[PDB]
């Protein structure tokens, strides 16, 4: 597997929930980057160099993803809830001496990030979320059109072992079909082939695939309930926030994303980028510039 982060170190960070793998580079204010599904930390490889010119960059695998340890799940999918993942990554950052840091997340990692901001806002100087709306908003918007568009939210959340057994026959085809499907072009041309191989090797492990399904089970149940409590209480994220989304990504599908985030956050700016879902790989120059600009002064 290729080293896609020239000059970055590698840490396996201990936490009570298991080790977090991360690439670490740069110098300056600390910035944590969190990937999503069906990816790993390597999705940041096209923007991490520019960010490392200005920040100490920590590029972490989510709990249970990539090279991070895989805690055993439970009947409530607890370790793969965004609340639990956020607690685990807070512990991981504390091992590095970071108790107040900047955070950018994409896809599932962006759900960890806004959940972190809701539960522990004092941990974050600034927050960026890439190509998402809150989990509560995706579910509240489910109707026939969106059930067809994001079918995988309901498919991968079916009780085990149904998705695991369907994914086991030809895992390469599914992970590559999802990667292609959510790009603007509908193929794999936006990805570095070495990055695709990282994603494919991770997805080829049945234990890794089970974690992904637990993530989506949490997304259908506890994560939704945690969000529901906040929205029904009127709780807003106070951390200065940036919402970026792809003009051809998932979040915009049937929702105007900045209006949605303004319901959830009291100091939020947002912009579209010409891109499908995978902003840091499909639009690395625009994504890196937006993030550098936001996190700087």
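Numbering follows the first chain given and starts at 1.
Looking at the deposited entry, does 198 to 206 or 139 to 147 carry the larger mean Cα B-factor? That would be 139 to 147.
Do the C-alpha atoms of 122 to 130 or of 105 to 113 have the higher average B factor in the entry? Mean B over CA atoms: larger for 122 to 130.
Options 228, 54, 45, 35 - largest CA temperature factor per the record: Most elevated C-alpha B-factor of the set, per the entry: 54.
Between 218, 85, 190, 212, which one tops the list for C-alpha B-factor in the PDB entry? Among 218, 85, 190, 212, the highest C-alpha B-factor in the entry belongs to 190.
Could you tell me which third, lowest, middle or highest, the C-alpha B-factor of residue 73 occupies within its chain? Tercile = middle for this residue's CA B-factor.
Ordered by C-alpha B-factor within the chain, which third holds residue 20? Give me lowest, middle or highest, please. For residue 20, whose C-alpha B-factor we compare with every modelled residue in the chain, the answer is the lowest third.
Taking the values exactly as deposited, rank residue 258 by C-alpha B-factor within its chain and report the matching third: lowest, middle or highest. Highest third of the chain for residue 258's C-alpha B-factor.
Lowest, middle or highest third: where is residue 81 by Cα B-factor in its chain? Ranked within chain, residue 81 CA B lands in the lowest tercile.
Taking the C-alpha B-factors as the PDB entry records them, is residue 159 in the lowest, middle or highest third of its chain? Its C-alpha B-factor, which the entry lists for residue 159, ranks in the middle third among residues of this chain.
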